[PDB]
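Below is one structure, written out as structure tokens, with a few remarks after it.
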Amino acid sequence: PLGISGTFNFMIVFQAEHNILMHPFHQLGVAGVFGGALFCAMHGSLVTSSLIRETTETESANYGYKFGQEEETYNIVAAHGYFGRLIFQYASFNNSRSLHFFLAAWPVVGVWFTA
Amino acid sequence: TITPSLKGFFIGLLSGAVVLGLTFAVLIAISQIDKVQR
Amino acid sequence: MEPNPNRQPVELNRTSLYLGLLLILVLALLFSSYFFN
Amino acid sequence: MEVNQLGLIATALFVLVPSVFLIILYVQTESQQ
Amino acid sequence: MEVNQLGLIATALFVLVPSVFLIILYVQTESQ
Amino acid sequence: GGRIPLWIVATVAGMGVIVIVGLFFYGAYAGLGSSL
Amino acid sequence: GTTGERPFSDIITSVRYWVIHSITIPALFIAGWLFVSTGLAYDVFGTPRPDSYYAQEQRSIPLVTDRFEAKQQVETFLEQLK
Amino acid sequence: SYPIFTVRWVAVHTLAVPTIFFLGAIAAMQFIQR
Amino acid sequence: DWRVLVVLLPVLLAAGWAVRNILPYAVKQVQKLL
Amino acid sequence: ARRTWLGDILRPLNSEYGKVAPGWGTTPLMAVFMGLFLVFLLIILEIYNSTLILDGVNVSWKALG
Amino acid sequence: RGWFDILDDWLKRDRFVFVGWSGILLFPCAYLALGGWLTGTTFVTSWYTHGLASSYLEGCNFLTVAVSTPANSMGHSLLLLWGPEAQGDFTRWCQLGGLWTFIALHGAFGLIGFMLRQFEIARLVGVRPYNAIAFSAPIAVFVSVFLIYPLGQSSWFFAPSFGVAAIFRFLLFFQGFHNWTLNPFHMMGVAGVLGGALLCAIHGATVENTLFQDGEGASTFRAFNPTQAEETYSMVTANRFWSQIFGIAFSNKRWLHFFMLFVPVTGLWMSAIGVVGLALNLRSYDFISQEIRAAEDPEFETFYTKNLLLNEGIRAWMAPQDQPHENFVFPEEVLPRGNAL
Amino acid sequence: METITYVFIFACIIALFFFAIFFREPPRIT
Amino acid sequence: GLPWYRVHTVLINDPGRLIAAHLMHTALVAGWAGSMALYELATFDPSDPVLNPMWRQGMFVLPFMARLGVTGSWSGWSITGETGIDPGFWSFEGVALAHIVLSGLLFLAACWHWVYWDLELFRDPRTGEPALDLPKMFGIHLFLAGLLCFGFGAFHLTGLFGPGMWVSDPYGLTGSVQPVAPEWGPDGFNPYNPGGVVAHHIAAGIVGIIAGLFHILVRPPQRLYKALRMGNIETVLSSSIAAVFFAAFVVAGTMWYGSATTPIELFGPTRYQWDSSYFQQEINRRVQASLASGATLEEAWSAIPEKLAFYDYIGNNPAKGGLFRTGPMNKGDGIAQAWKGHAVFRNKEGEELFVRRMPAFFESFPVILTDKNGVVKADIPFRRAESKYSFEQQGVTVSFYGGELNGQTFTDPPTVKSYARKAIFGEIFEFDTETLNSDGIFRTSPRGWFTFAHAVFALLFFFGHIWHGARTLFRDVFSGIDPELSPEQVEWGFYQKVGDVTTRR
Ligand code: CLA
Ligand code: CLA
Ligand code: CLA
Ligand code: CLA
Ligand code: CLA
Ligand SMILES: CC1=C(/C=C/C(C)=C/C=C/C(C)=C/C=C/C=C(C)/C=C/C=C(C)/C=C/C2=C(C)CCCC2(C)C)C(C)(C)CCC1
Ligand SMILES: CC1=C(/C=C/C(C)=C/C=C/C(C)=C/C=C/C=C(C)/C=C/C=C(C)/C=C/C2=C(C)CCCC2(C)C)C(C)(C)CCC1
Ligand SMILES: CCCCCCCCCCCCCCCCCC(=O)O
Ligand SMILES: [Fe+2]
């Protein structure tokens with residue numbers, strides 16, 4: 001249904017007629033969206049953790065970035081130095097392109113499976 | 001008086017102490033041996 | 001007596017206005033059904 | 001439908017009061033610049 | 001007392017809307 | 001040092017997992033938990 | 001980019017590693033096997049065997065219903081099998 | 001010259017040793033019959 | 001009971017065998033600690 | 001700054017900003033008190049929880065009479 | 001240069017796995033929580049607390065094994081090994097549900113240890129502590145669901161049991177008894193998790209599709225150097241694309257990444273609040289206006305009334321087996337059922 | 001009255017979309 | 001300029017205006033207290049503390065005044081139902097007025113401290129800069145806290161110079177304000193022992209006085225001063241928030257489980273009293289005792305006080321409400337008027353049958369009747385075609401002993417089913433649903449609403465603690481990381497000890 005409670009009706013009746021919860025493709029969809037939310041927070045917190053000091057405490061740190069500036073606005077080596085110690089060195093990215101490909105791939109692929 | 005659960009309480013208390021004291025004992029010893037050079 | 005040196009201007013840019021009004025309106029849209037019950 | 005009559009004022013102030021707050025801060029930001 | 005229940009919202013908005021209007025104009029005068 | 005080539009370590013290790021896991025799937029159809 | 005421990009790749013391709021671990025791994029595997037095949041796991045953990053969930057003509061669950069006599073309850077159910 | 005025994009060695013074997021033991025126990029379980 | 005020694009024997013033998021094979025190099029390590 | 005009569009009376013209570021005792025001072029004593037208080041809170045919790053049961057301590061409403 | 005500073009030195013050595021003072025709390029508790037879950041799922045039954053099998057040893061598979069909650073008759077007992085219930089007997093402790101409290105409490109203290117570890121490492125490296133702050137959300141979820149929730153109910157029995165299927169049963173329970181899907185705090189959580197996943201996918205794809213050509217290879221990964229100062233993708237072209245596709249785009253990289261922290265952290269915090277209410281059966285179960293109308297007007301039907309019939313079926317059909325301590329006996333003739341089914 | 005309220009909030013959101021897109025603060029390069 | 005979420009940081013280095021702000025906040029809180037009390041007084045019906053006590057009426061601050069000894073109105077009524085009494089000035093109305101006056105006084109002092117912010121008291125005499133000696137402030141404030149805590153226990157709660165506190169019997173039947181003597185033995189740590197609350201305040205008050213003396217005279221060690229940033233008032237905010245969410249969890253818990261300070265005549269019963277059939281057991285204990293000493297059924301149940309019967313009813317269970325079901329309990333099931341009597345069901349063969357009670361988990365529950373042994377003997381069937389246990393087939397009847405319907409028997413199946421539907425809720429009451437236009441759906445009590453709010457605020461304040469504690473220990477990088485951080489500090493192996501540049505290899 002095109003409705004909020006209708007959506008719930010749909011998913012309840014789906015569970016009785018199919019048991020979507022015990023189906024591995026739904027389990028991968030959960031891993032896709034939970035892991036998607038997790039890595040959203042992780043990436044956001046690691047980049048936000050390693051912003052380069054560009055502002056005073058009386059101003060939003062967001063004003064330390066100017067649309068179109070050529071230089072990066074955080075220190076990825078500091079972020080990697082923090083996250084690789086949080087876990088161990090090789091569970092942390094040092095390549096921003098691989099990192100953002102991973103961000104893209106995990107939730108997309110999990111939601112492909114759940115669809 | 002000193003009921004069975006109060007006895008158990010003291011057992012749990014001493015066991016915790018043993019675990020923490022043994023742990024810190026071992027950690028101090030290692031740190032004394034394998035110091036950092038400055 | 002000197003005026004207070006700790007005073008500061010406050011700001012809210014236009015994008016923050018739009019983001020806040022959206023938050024408020026969507027929250028009201030979400031909770032209104034429960035207020036009317 | 002037999003809804004809570006106070007739901008209306010509840011909803012109205014819930015929208016109005018924080019919205020006015022933001023507008024006040026926005027407008028006085030523009031007139032600095 | 002059996003009063004009119006739209007009386008409450010009518011009175012609240014009668015106060016709030018014009019009051020807020022004035023507050024908006026006054027604060028942006030002070031910051032300029 | 002670097003005596004056993006790593007591709008051989010990883011092939012044998014890999015077949016080792018395939019085997020224990022296959023054993024677990026066989027056990028879903030035999031014995032306890034088989035419905036029989 | 002190293003903290004001084006020996007690289008893993010160098011360890012698991014080394015001959016000495018595999019001289020120790022071609023023993024230690026099957027040993028640990030067979031130990032776990034025996035833990036189960038001997039029946040010891042059932043006894044340690046209190047897990048029913050397939051013939052000891054119910055008494056022969058019983059279809060009630062031996063459910064613990066008391067907090068402070070719970071231990072004695074489990075023991076009473078078990079005796080209703082012996 | 002690398003040391004053999006390290007904090008890392010302990011962390012690795014703290015996980016590895018019971019893992020293989022549990023794997024052995026779970027393997028034996030596939031032959032249990034009711 | 002006996003089933004415990006049965007279980008624990010492979011573990012003790014395996015730990016014995018790793019000791020035998022590593023002892024020489026583990027002595028080198030301890031000495032280097034001053 | 002404005003001086004006032006109450007201000008001059010209270011003055012010495014706000015005159016040792018930044019003064020510290022050297023090194024660890026009473027930190028060892030603090031830790032003793034902390035550990036006793038932890039044990040004390042464990043006891044109180046476990047009494048309420050009925051994990052610690054004591055003679056003459058009936059943790060029930062029926063202890064109002 | 002006394003023993004405290006010497007031990008500090010040793011805890012904070014750069015090594016493959018960093019230890020720190022936080023490690024003294026984290027590593028024992030994390031490993032025991034984990035070990036208890038693997039031990040219980042491999043060997044331990046739920047027969048005496050639940051009337052369920054729940055271990056590999058018993059015939060269960062990865063989806064159906066669990067460490068199950070203790071029996072309802074234990075109340076909120078800590079269920080300490082040396083406590084008055086198990087009286088030091090490890091076997092009985094297992095059979096009584098002791099591994100559940102063992103895992104939950106050690107897991108709680110492990111979570112604290114992990115967040116302290118985030119603080120500790122960030123301080124040593126000189127970064128801001130926002131990763132620690134973000135982790136407050138999973139803490140709030142854990143404590144609200146595993147601790148606060150069963151503490152408001154009759155016992156730990158009604159907390160989530162630690163298993164795949166057992167969590168599935170938790171979800172369904174909450175639908176039928178609490179009508180949790182109707183709860184706006186859950187709804188905000190849903191938006192936050194789905195919104196986080198969306199942000200994650202859309203940001204990774206934008207970056208990967210606005211890259212600068214910085215090498216000649218068709219594998220664009222190699223043309224990034226972690227010490228380059230230059231942005232590796234074009235914020236400007238990304239902003240244009242999204243403005244023209246969607247109407248609005250990000251223009252501030254700092255705001256973008258903060259927003260990515262904010263959305264899922266806030267969503268999880270919101271859901272935790274709703275679960276706190278459900279600790280007290282303070283549900284968003286009904287709309288009163290709908291019930292008054294439907295009671296009087298048998299031709300009034302909505303997706304809201306249809307879902308409550310589903311809840312009523314869930315409760316009556318699962319309660320006897322899901323709550324065995326209550327001794328519910330529902331004869332066939334009282335079970336709610338539609339036609340034919 | 002509840003219907004009027006729901007639809008009013010919805011219409012205010014649509015109006016906000018319009019200002020947020022066509023009357024945004026323009027992004028300006030450096 | 002400042003973003004909106006940081007406006008109040010202008011007070012961090014301005015002790016006068018910080019005090020003005022704290023005064024204004026205290027004025028607001030005291031003003032709420034007085035306004036809330038006046039609203040409750042304007043809506044409270046005092047005419048029936050048996051079946052319409054305060055907790056059925058959505059009263060929230062009334063029970064807190066009664067808890068500590070305020071029990072009467074200037075209007076001449078008291079909450080225990082005594083009529084024609086004189087409280088003197090400390091009536092509900094006088095307490096409300098006091099808070100309002102207090103509010104107004106705090107507001108004027110706020111204005112003075114805001115204007116006259118630049119007091120020499122706030123300046124460090126060595127450096128000329130605003131400075132607070134927080135270690136000494138703590139010892140002063142702790143000493144004061146200790147004196148107040150002691151006095152409250154030694155004078156108010158004992159009745160030595162004060163009224164005492166609310167105490168009752170175990171079944172919440174006869175409560176009143178009584179002086180309470182301390183309990184000094186181990187039963188003083190029993191939450192249900194009121195003497196422990198007296199002893200706690202006496203002893204902790206003395207400990208507070210002594211610790212406070214310690215903290216005025218002994219400076220903090222340098223190791224601790226630097227570790228906890230004791231020159232940064234935000235560390236105090238961090239630890240104060242922690243202490244506060246700790247306190248909030250405790251008062252949610254004791255409210256929910258019940259203790260000597262959350263008595264059931266003031267906040268209502270707990271859910272655990274329904275779970276454990278606590279009141280039904282006592283009621284049955286009395287009916288069995290009246291029967292052994294030779295009373296008829298009619299006589300033994302007629303001796304059950306209505307107040308006790310009313311506790312044995314699921315509609316007073318605080319775990320039967322909902323988040324958006326607003327207002328007093330009376331708005332749901334109505335204003336209880338009378339106990340109808342105790343319903344006894346029997347089948348056509350004369351066995352007593354027992355309605356299975358609704359558990360708190362269930363919005364709806366079916367109607368099943370059991371014999372003493374728990375064997376199902378009758379129900380209300382859903383599907384009729386294969387019903388075996390209908391009331392019609394089993395000839396179920398209901399008789400009433402005690403209450404309004406005492407001695408009456410009903411046999412027409414629809415009437416009998418009607419009372420069976422009510423018996424799942426416990427004892428059966430007549431309600432006035434018209435006066436408040438009650439909708440018939442259960443609401444939670446003040447015990448429930450208080451627990452909810454305090455558990456939620458506590459959880460939120462845990463975030464505040466993490467936030468401000470982070471800001472305290474990371475003040476130096478709040479605005480970003482060193483732009484001259486070198487990669488050798490964050491790369492592996494360079495330093496033996498992470499972040500310590502003196503441990504270079
Ligand atoms: C940092 C490590 C850590 C932490 C935080 C915990 C925490 C916990 N454990 Mg876990 N545990 C750990 C390590 C840890 N454990 C390790 C290493 C093991 C393996 C041995 C275990 C094995 C274990 C088991 C088997 C059980 C727990 C249990 C518990 C819980 C109760 C603890 C308790 O009551 O302690 C009480 C004790 C203290 C708090 C110590 C206080 C120290 C005092 C102040 C010193 C006293 C001085 C001394 C006695 C004087 C000497 C006098 C003498 C001369 C006579 C709690 C969640 C129980 C549980 O989970 O229940 C479900 C349980 O049954 N733990
Ligand atoms: C579109 C579908 C949808 C979505 C996106 C969500 C999303 C959510 N649901 Mg809802 N749910 C839905 C449908 C959905 N729900 C429906 C239809 C129902 C039926 C009523 C429910 C019933 C439901 C319940 C009953 C609950 C939720 C909860 C949640 C939240 C889970 C938060 C989380 O990550 O917990 C994951 C858990 C954590 C983050 C806790 C800490 C975890 C630590 C870090 C683990 C560390 C692991 C460690 C390393 C060891 C692992 C090793 C081992 C595995 C090998 C989240 C807001 C929960 C909630 O609201 O919580 C407050 C909750 O209890 N949902
Ligand atoms: C002359 C002072 C005075 C007096 C006699 C009263 C009296 C009263 N007030 Mg009012 N009140 C006052 C000032 C006063 N108030 C001020 C200044 C404010 C503004 C903050 C208020 C705000 C206020 C509110 C908001 C409410 C009251 C309420 C009440 C009533 C219940 C009191 C109660 O339960 O406290 C409960 C006691 C506590 C909360 C104290 C717990 C303190 C914690 C445990 C201490 C923290 C730890 C400590 C620092 C450590 C000490 C160390 C130890 C070792 C010693 C009672 C009639 C209630 C009422 O019925 O209103 C009509 C109510 O809801 N008052
Ligand atoms: C600790 C706080 C507290 C508690 C426990 C109570 C409890 C109670 N009050 Mg009192 N009250 C309080 C504070 C409190 N009050 C204050 C501060 C005021 C002044 C506003 C009042 C004014 C007041 C009046 C006027 C009345 C009561 C009444 C009552 C009773 C009914 C409450 C009810 O229906 O709630 C309903 C509660 C809810 C529907 C919960 C609302 C939760 C909101 C919607 C959540 C917001 C979510 C947020 C937007 C999400 C943001 C997330 C993201 C953007 C970051 C009950 C005993 C009533 C009564 O019976 O009196 C006799 C009554 O008429 N109270
Ligand atoms: C005693 C409690 C206390 C005190 C004194 C402070 C004080 C402060 N906080 Mg902390 N904080 C607290 C609790 C507290 N906080 C808690 C519980 C949380 C978790 C929710 C936080 C989370 C928090 C964050 C995340 C931040 C602060 C910041 C700040 C500073 C700026 C606040 C500001 O300008 O707000 C301005 C606020 C407004 C203009 C409007 C707020 C409107 C809110 C959403 C709703 C209205 C509440 C309502 C009126 C009544 C509350 C009822 C009940 C809570 C009593 C200031 C030092 C900021 C900071 O560090 O700056 C450097 C910052 O970023 N605080
Ligand atoms: C509880 C307890 C304890 C502890 C214990 C412990 C500590 C344990 C541990 C344990 C352990 C530690 C275990 C482990 C296990 C593991 C496992 C069993 C594994 C499995 C795995 C798997 C099966 C996997 C597979 C796979 C797949 C499927 C796919 C991919 C590949 C892979 C291979 C991964 C104590 C004594 C204190 C006492 C008290 C009680
Ligand atoms: C000046 C003066 C005076 C007067 C005074 C006055 C008159 C006062 C009053 C005061 C008051 C009269 C006050 C009040 C207050 C109030 C408040 C302060 C409120 C608050 C509220 C809130 C905060 C709420 C919130 C919420 C909501 C809204 C919703 C739901 C949720 C919540 C709960 C969160 C006198 C004569 C004495 C003397 C001289 C001077
Ligand atoms: C403060 C940290 C506490 C750390 C460890 C506490 C628990 C250590 C576990 C020790 C418990 C095992 C021995 C108790 C077994 C009970 C036997 C008995 O009751 O006689
Ligand atoms: Fe990014």
Side-chain angles (χ1 to χ4, degrees), chain B residues 9-10 12-21 23, chain F residues 16-17 20-21 24, chain H residues 14-23 25-26, chain J residues 34-36 38-39 42 46 51, chain K residues 24-29 31-32 34-42 56 62 78-83 86 90 93-94 98-106 108-110 113, chain M residues 25-34 36-37 40 60-70 90 92 95-96 98-99 102-103 106 141-142 145-150 152 156 201 203-212 243-244 247 250-251 261:
Chain B
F9 181 88
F10 285 130
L13 203 52
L14 285 271
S15 312
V18 166
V19 163
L20 303 179
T23 294
Chain F
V17 179
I20 330 207
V21 167
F24 297 167
Chain H
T14 282
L15 303 162
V17 165
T19 287
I20 305 301
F21 176 100
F22 273 66
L23 285 180
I26 302 165
Chain J
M34 293 186 64
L36 282 159
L38 165 68
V39 177
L42 269 169
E46 297 192 11
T51 285
Chain K
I24 295 153
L25 177 63
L26 165 57
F27 283 120
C29 285
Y31 181 70
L32 263 37
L34 180 56
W37 185 70
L38 295 159
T39 299
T41 55
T42 301
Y56 299 134
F62 170 65
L78 291 168
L79 260 181
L80 310 184
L81 178 40
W82 54 86
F90 172 84
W93 189 60
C94 283
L99 285 184
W100 194 87
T101 49
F102 176 96
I103 287 148
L105 297 177
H106 287 90
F109 284 103
Chain M
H25 179 271
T26 302
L28 294 173
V29 176
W32 172 85
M36 193 67 257
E40 292 193 358
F60 183 56
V61 293
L62 213 65
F64 285 89
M65 290 179 280
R67 186 174 60 177
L68 286 185
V70 184
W90 298 114
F92 298 117
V95 178
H99 282 83
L102 174 57
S103 186
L106 289 170
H141 291 165
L142 175 58
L147 289 176
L148 268 158
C149 173
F150 171 79
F152 169 66
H156 181 123
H201 284 97
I206 289 162
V207 169
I209 288 154
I210 288 162
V244 170
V250 175
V251 289
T261 72

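Naming convention: chains lettered A, B, ... in sequence-line order (proteins, then strands); numbering from 1 in each chain. Order of listing sets the numbers, starting from 1, for every ligand and every atom in it.
Every atom of ligand 1 is numbered from 1 in the order shown, and the set under 4.0 Å from a heavy atom of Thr101(K) is 62 (C). Each of the atoms 36 (C), 37 (C) of ligand 1 lies under 4.0 Å from some heavy atom of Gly12(B). For ligand 3, the atoms sitting less than 4.0 Å from at least one non-hydrogen atom of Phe64(M) are 31 (C), 60 (O), numbered in the order shown with element in parentheses. The atoms of ligand 1 that sit less than 4.0 Å from any heavy atom of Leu81(K) are 64 (O). The ligand atoms of ligand 1 that sit less than 4.0 angstrom from a heavy atom of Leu78(K) are 62 (C). Near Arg67(M), the atoms of ligand 3 lying under 4.0 angstrom from a non-hydrogen atom of the residue are 34 (O). Shown in contact with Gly208(M) at under 4.0 Å from a heavy atom are these atoms of ligand 3, numbered in order with element: 54 (C), 55 (C).
Using the six-membered ring where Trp is involved, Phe60(M) and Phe64(M) have ring planes that are perpendicular, over 60° apart on the 30 and 60° scheme.
Using a non-hydrogen distance threshold of 4.0 Å, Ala247(M) does not register as a contact of ligand 3. Remark: distances from the non-hydrogen atoms of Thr26(M) to ligand 3 include one below 4.0 Å.
Regarding atom 49 (C) of ligand 1, its nearest protein heavy-atom neighbour is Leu14(B) CD2, 3.4 Å. Scanning the protein for heavy atoms near atom 39 (C) of ligand 1, the closest one is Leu42(J) CD1, 3.9 Å. Looking from atom 38 (C) of ligand 1 to the surrounding protein, the closest heavy atom is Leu13(B) CD1, 4.1 Å. Among protein heavy atoms, atom 46 (C) of ligand 1 sits closest to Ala17(B) CB, 4.3 Å.
The side chain to side chain donor-acceptor pair (under 3.5 Å) search around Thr261(M) returns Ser259(M), not counting sequence neighbours.
With atom 1 (C) of ligand 1 as the reference point, the heavy atom nearest to it among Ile24(K), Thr23(B), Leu36(J) is part of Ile24(K). Of all the listed residues (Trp100(K), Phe27(K), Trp82(K), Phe90(K)), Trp82(K) holds the heavy atom that lies closest to atom 58 (C) of ligand 1. Distances from atom 25 (C) of ligand 3 to the heavy atoms of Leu28(M), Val61(M), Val29(M), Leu147(M) show the closest one on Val29(M).
Inspection of the environment of atom 10 (Mg) of ligand 3 yields the following protein N, O or S atoms under 2.8 Å: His99(M) NE2. Note on atom 10 (Mg) of ligand 1: protein N/O/S atoms under 2.8 Å are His106(K) NE2.
Closer than 4.0 angstrom to ligand 6 sit non-hydrogen atoms from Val17(F), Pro18(H), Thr19(H), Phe22(H), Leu23(H), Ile26(H), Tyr31(K), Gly35(K), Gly36(K), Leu38(K), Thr39(K), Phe90(K).
For atom 56 (C) of ligand 1, the nearest protein heavy atom is 4.0 Å or more away.
Counting heavy atoms from C-beta outward, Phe9(B) and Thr51(J) have side chains that stay 4.5 Å or more apart.
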